[PDB]
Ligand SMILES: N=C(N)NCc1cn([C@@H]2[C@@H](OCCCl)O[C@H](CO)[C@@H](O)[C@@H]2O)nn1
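Shown here is one chain on its own, the form deposited without the ligand, set out as structure tokens.
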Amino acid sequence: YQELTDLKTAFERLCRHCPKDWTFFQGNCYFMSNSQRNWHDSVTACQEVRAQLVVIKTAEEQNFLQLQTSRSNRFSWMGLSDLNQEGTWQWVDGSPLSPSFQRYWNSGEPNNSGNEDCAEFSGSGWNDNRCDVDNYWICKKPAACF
């Protein structure tokens, strides 16, 4: 198992093809929008380019993403929301926000009232915001070998 991890990784890293203007990171391609849209229109905007409003699965991915948005100083949408409006945050892929990720919300975040059910990268952490607000968005999709 010692080598398997290394080799497996070294191998998966060879398939790193991403579209033009997209950035590669650990097996996936990321797209930083050039315009702004509300949450819902961002969810569909990503599907149009065969991607998905970014669903964060590891702490390393979260670090990469936060660095990207802060580099351009833009507030960006992520595929996380609580549309049932009851403290249950879920990723657009259907998975639930794991306990170990609550650490990423900025102090005071999230909030039960105010009709703010969409997560965004805001400053050095996460903020919940009105889904109708206009923000940049980040798309994510598997990297290809060709």
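Throughout, we count residues from 1 along the sequence that is shown. Take the two forms, find the largest set of C-alpha atoms that superpose within 1.5 Å, and that set is the rigid core. Only residues modelled in both forms are compared.
What comes next is about the form deposited with the ligand bound, which is not displayed.
Clash verdict for the ligand in the bound PDB entry, overlaid onto the shown chain (3 or more atoms within 2.4 angstroms of backbone or C-beta)
Site status: open.
Could you spot which one of 111, 33, 68, 28 gets a heavy atom to within 4.5 Å of the ligand in the bound PDB entry?
Going through each option in turn, the one that passes is 111.
Does residue 116 reach the ligand in the bound PDB entry, with heavy atoms at most 4.5 Å apart?
Yes - in the bound PDB entry, heavy atoms of residue 116 and the ligand come within 4.5 Å of each other.
Counting only non-hydrogen atoms and a 4.5 angstroms cut-off, does residue 133 reach the ligand in the bound PDB entry?
Yes.
Counting only non-hydrogen atoms, choose the one of 95-103, 116-124, 80-88, 53-61 that falls within 4.5 Å of the ligand in the bound PDB entry.
Stretch with heavy atoms near the partner: 116-124.
Position that moves between this form and the one not shown after core superposition, taken from 44, 106, 102, 84, with Cα shift of 2 Å or more
Result of the comparison: 84.
Relative to what is shown, are the Cα atoms of residue 116 and residue 85 closer or farther apart in the bound PDB entry, where the gap shifts by 3 Å or more?
Here the pair is closer than in the bound PDB entry; there, farther apart.
Given that the shift is 3 Å or more, do the Cα atoms of residue 85 and residue 123 end up closer or farther apart in the bound PDB entry than in this form?
Relative to the displayed form, residue 85 and residue 123 move farther apart in the bound PDB entry - a change of at least 3 Å between their C-alphas.
Suppose the core is superposed; which segments, at least 3 residues long, show C-alpha displacements of 2 Å or more throughout between this form and the one not shown?
CA shift runs, sequence order: 84-87, 111-114.
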